[PDB]
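Down below is the structure, laid out as structure tokens.
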Ligand SMILES: *Cc1c(COP(=O)(O)O)cnc(C)c1O
Ligand SMILES: *Cc1c(COP(=O)(O)O)cnc(C)c1O
Ligand SMILES: CC(=O)N[C@@H]1O[C@H](CO)[C@@H](O)[C@H](O)[C@H]1O
Ligand SMILES: CC(=O)N[C@@H]1O[C@H](CO)[C@@H](O)[C@H](O)[C@H]1O
């Protein structure tokens, strides 16, 4: 039992064992003779859950009594992962439960592996929302996460014949012990219908009604007894009209068709940085917004002058997905509360804040007018009015600038009329932020330049972060322990204290412990790999890892080119020494993203060749990590030596995986993109492996005109690789299998893979040179870990609180349980 | 607190209050400040449930140890109603819980009204299965009820403008504390596909797979610590093929289409005594049978010579709904276990028993061959083989009788080929029974005459019954108490002891108590009527009740004719004295049964006229009891004076509502149909109000030819009624509203309403004459209650056990909890 895992004191262990047996009997209705590992997992989950309830109830009672300003984080994604260990960590019950289960003859770590991941997110955006919820609770903010309870989260990825196969993530199959259904708080949501203009105001009538049933999940802060709530809405059909609309096609059919309204919360769209304008997605977006706003207003009216609304409520929009909150708030205030437009607008603007997460054009939401027209007629009218008044403001500030007017319009003209949701968000929010310094600057200099010129005060930066609880203490206890031994435990909730480790960079003892922990993590992971999936990696090789969603801008393809280069160099000089490497690439491709699926096949195709070449031996291995998800991230990241963050400069808004690797003892090879810039700034550029074009360089190349052929003609090693791909060297039975990839690299590569190839290969050689010197590699690692403090989501949330929401974070512990 | 409700002893009450608060806090996550009545209901339900778990686990462990013969009751319907009070009654916790909640400042009776009915049945057939489960547990049989967990049970009936409106019964909305999901025991069910004949046997391949997930509900016996199980299957789509069948229409659509396989357990077909040959119904029937048989075999292989199978297993088929169990058992034994046909057939016949519940032709299941052909190709082949071998047996016993062969064939020739499931059941079962003596005789003399001649030994009778726990102790505690005061509590599990009450028929004290209880029940119900539904009945009037499903054979129309007769007689002689009556009619009509819906409208239309006629006053009231269901039956039956059981002789197989009224102190007016015959036999015909044609009389009339016109021409009062209906007297704004009803009564009444009119009216006059003499009315009531013992489902189950299943019932209490 390690120090940071809490105390396992007599009374506690005895009490836990007692309650464990209680739940196994009464809750699961089983006895020790027929109980399976899953039964034991659930008995433990219910036992831990019990310790959470008391504090959950008083935290909420507390907010009712003190009535502080409330923060509502709206997101269509919350990538939570597993909850058991995280709950134990935050409640300081890990060692007690470990002992209690040990005495019951059970291995707690094998029980934890039974829990299903709550994968209600695609990647970075969804996981950021999860880290934020943790930090808001740890900082004592009266915050509520609001989203959708998808019955099917991100699909489980299977690799068959080297190809990605998708299968439904039935995560609720065995039940979810963490959520609490609150059917009593069900709210109605309206769709379709038409607008009627009456004597006093407009009325939205003849609508289809769908019920929103909330499920609450507790979010515990770190050892402060604060337990906030994440409320997820589930779609339910009403019992009437969805059957009472008589004169029709039969009783049975009417009941079966209920699964037409309930499909709204059925599944998560599996896209990462890609907009898909489907009606079902729009319905989901309005569903979460409509239900949430009614809940917010209801809670407020308990706290009718809405002038104080902005003082008691803050609504944060995670991307444009929940952008309809702006016109919906206006609708309720104008149509239902009967406030004058101007007054309602003032309240709305002061209440909403918008966070932008990307500059990629194919990721921006632009909804066709005909869709909004049919599904939400009243909102479309409100949007037109907002646009009209906004453009009048622009025209007054920039007289005669007619092109500026069309550029800033919320309504985009063309083949099909569309509403630019990003423009909607900027107009209706008092604050707009990017997620990394370089991203926020790009927003002001390019994409939102016109808006910045009109309202410079709205634009801000809030560099992303990750929670040190899940991403250090939970997944890397070994490291957290050796750190605690030197500087105490205070850093867990004050990551900046990791800087104290700088005075240990020359400590022979510490250097040895740091390296020891990494080695243990690698052996641990190397074992998991065989135990599950039967694979052959060598724990002595350099663990080169690139895990994140598969996307062309992420450039998994550049990594592939390097891997093939290494392979060719070995075959050319077989008996020459090279630092052994285990290259691991993992990530999911969106089901309808062809090129992404082709990239996965190439990676496995390369492994098929490299992993079975006698001459290579155990000097180079290429493994594709199947079903990359939060729980897998918690295993591979602590075991990594090299972190690949190689997106084309200017494409990765921030990145968060980069921060996770830095905190866990891996060195980083990457481009000056997103948060990589600030990470290098914090650690010192001489302690980072930076390469490739900077944003300025990419722009030059575009002015010039990118011609991949040039690089192909002047770089022999690159030419060889392309010829191997084209000739079928990696696909014997299908010679032209990778023709699309080659065609893209050569004629229409929007991300300039070839442009950074030479610089990349050279930088990688420097990485291999340092790995040869264990002591110096580890000292550089220490300098990275020691300067990763700025990337704690606690820092990020404290900035949102003070600069956007107008609330003060607190580390004060709540009056016990 | 009344005696029969158990003890409320210090330690128990203290413990219950403690656990109540425990669940309210930890389970519901609420505190006394925000808890609603529903929250309190759930805290109490979980508290009572806890006392059930211990015994449930040891009962099952007990069956595993002693390995007795097991009884499997297969039914597509289980009309359970509410579970809270029933559980308390059977565990002897009613007074303790009453006191415990009282001390917590809560009214337990108002909490009980919050529980939703588990309406997984249509009427008599489904409720019989529920009473049987109770009796099997009370008699210590190792029995399991197997059915389907419909997410939508029988629709909730609303009356709008006098018409029936249907709305979805979302009974699981707030959760079900009584069931326990057992996802670990999920089993696959196959559909479609094709048959392949290989070297060694036939193979069913290329099928669609649907998963069957079981949910277990505890069934406690009466104070014997026995807790049996009712396992209900829920449909689940697999995560693969229902997504892995690549090369198709999109990821999102594939996930949404999962609600194509899961629709199997979505809703209960709302038909009572009416066959609807839809594919979805056939899928439900096979779904329950396939999942159940695999579960049975699996449990057996734990108990490979299947020769002992019939000694360890008994399968009871409730009607033909689960008839596919016969060919499915053969399929598994022949195709999977590789037993020779003859051996497999011997086992199947000795294992299965069939109970027939009706002789109405439109209720008999006859599935089109093309349906079975496409959905279950292997089963169709097995059915043909069974038929072939059965007909060879018939041909050998009755040489040259070619018409007998076509009459007995399982395959029905004609416009469309169909399989007669009843013939299938008789051929593949070792016992076939009717549900009342007269019904069982009709089966042998008519419908199944040919089969009886071939195998006389298979035909039996098992008169239906009702459980005295729910239908006396639970719904009429007042009566159970005054009975217990005189003869003890032993009768609750030995109803025959009620005969001792015969020696109290002249007891002035008892006569007074009996009448007092009825009066209290009527006041109680008269109040409920106003509290809910705002209505005006008078507690001093005779409560004339007819509650059951609306159907032409049940003759609610004959009752209507009498009601109109009374009304007309009053209008003719306003100032003449007549015994005051409150006529109550209630019941649901199947959504697609036009005539049934028209009958409901007529009843309310009559009330509209009669209830607002100044001259009538409070002498006659016509009320339509909305949403008749089990919970409503528990309220109205104890309050009834007159029970209407007036089906056309030979149409009501047994009836069970008739038994409920008899046990609760109501006199009966009825035809010699179903169990009415045996009830009159037991009580003495001079203590029953019998009228109308007997079965023999109906047959004569059919030989003759039924001509309604004759009765219309010779009965002035009847003529007047028909003319009032035709002229629009009961539908002013729609003069011909009831044209269909009149047309039917006059030209195509299959149930001869007019033929029994005169006899009915006269009998009703005799009922009014006796009601005028309180003392004599009550003495006759006592003679009915005292002779209702034979109708306890404990008697019924004991007979099934000894004469069909080959097992001995036991009243021995299980070794405590
Ligand atoms: C942290 C995380 C991400 C984000 O990784 P990036 O490299 O920033 O894209 C994606 N998926 C999972 C499961 C994560 O844990
Ligand atoms: C007992 C019962 C029935 C059966 O009544 P019959 O008059 O035999 O048709 C039908 N419905 C409910 C809810 C019952 O309690
Ligand atoms: C649309 C979307 O998911 N954008 C992503 O948001 C996360 C969290 O801010 C960033 O780290 C990532 O670089 C950016 O691509
Ligand atoms: C098909 C069907 O529901 N038949 C019914 O079965 C119940 C229970 O046996 C009988 O009481 C009733 O008279 C009979 O009509």
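Following Swiss-Prot, chain B shows residues 13-315, 325-838, kept in their order.
Here the Cβ of each residue, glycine as well, is placed from N, Cα and C on the backbone.
Listed in Swiss-Prot:
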MOD_RES   B:15  phosphoserine
MOD_RES   B:204  phosphotyrosine
MOD_RES   B:227  phosphotyrosine
MOD_RES   B:430  phosphoserine
MOD_RES   B:473  phosphotyrosine
MOD_RES   B:514  phosphoserine
MOD_RES   B:681  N6-(pyridoxal phosphate)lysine
MOD_RES   B:747  phosphoserine
MOD_RES   B:748  phosphoserine
SITE      B:109  site 'Involved in the association of subunits'
SITE      B:143  site 'Involved in the association of subunits'
SITE      B:156  site 'Can be labeled by an AMP analog'
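A map of Swiss-Prot features onto the structure.
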residue : record                                         : DSSP (3 states)
B:15    : phosphoserine                                  : helix
B:109   : site 'Involved in the association of subunits' : helix
B:143   : site 'Involved in the association of subunits' : helix
B:156   : site 'Can be labeled by an AMP analog'         : strand
B:204   : phosphotyrosine                                : coil
B:227   : phosphotyrosine                                : strand
B:430   : phosphoserine                                  : coil
B:473   : phosphotyrosine                                : helix
B:747   : phosphoserine                                  : helix
| request: Quick one: give me the count of other CB atoms within 10 A of the CB of residue B:430 (phosphoserine). | output: 17
| field | Number of Cβ atoms other than its own within 10 Å, given for residue B:109 (site 'Involved in the association of subunits') | value | 28
| message | Which one is it, among the modified residues B:15, B:204, B:227, B:473, that lies nearest to residue B:430 (phosphoserine) by Cα separation? | response | B:473
| said: On a C-alpha basis, identify the one among B:204, B:227, B:514, B:681 that is nearest to residue B:473 (phosphotyrosine); the candidates are the modified residues. | reply: B:681
| note | Neighbouring CB atoms within 10 angstroms of the CB of residue B:473 (phosphotyrosine), all protein chains considered, total 18
| End-to-end CA distance across 9 missing residues (from residue B:315 to residue B:325, Å) | 11
| query | Of all the modified residues given, namely B:204, B:681, B:748, which is spatially nearest to residue B:156 (site 'Can be labeled by an AMP analog') at the Cα level? | reply | B:681
| What's the CA-CA gap between residue B:109 (site 'Involved in the association of subunits') and residue B:514 (phosphoserine) in angstrom, rounded? | 22
| task | Sort the recorded positions B:15, B:143, B:227, B:514, B:681 by C-alpha distance from residue B:747 (phosphoserine) and give me just the closest. | result | B:681
| remark: Using a 10 Å radius on the Cβ of residue B:204 (phosphotyrosine), the other Cβ atoms enclosed count 13
| Using C-alpha atoms, which one of the recorded positions B:143, B:204, B:514, B:748 comes nearest to residue B:15 (phosphoserine)? | B:514
| What is the Cβ neighbour count of residue B:15 (phosphoserine) at a 10 Å cut-off, with all protein chains included? | 14
| note | For residue B:227 (phosphotyrosine), the spatially nearest of the recorded positions B:143, B:204, B:514, B:681, B:748, using Cα atoms, is B:143
| message | These are the recorded positions: B:156, B:227. Which one scores highest on other Cβ atoms within 10 Å? | response | B:156
| Looking at the recorded positions B:143, B:204, B:681, B:748, whose Cα is closest in space to that of residue B:514 (phosphoserine)? | B:143
| message | With the cut-off set at 10 Å between Cβ atoms, which of these modified residues ends up with the most neighbours? Options: B:747, B:748. | response | B:747
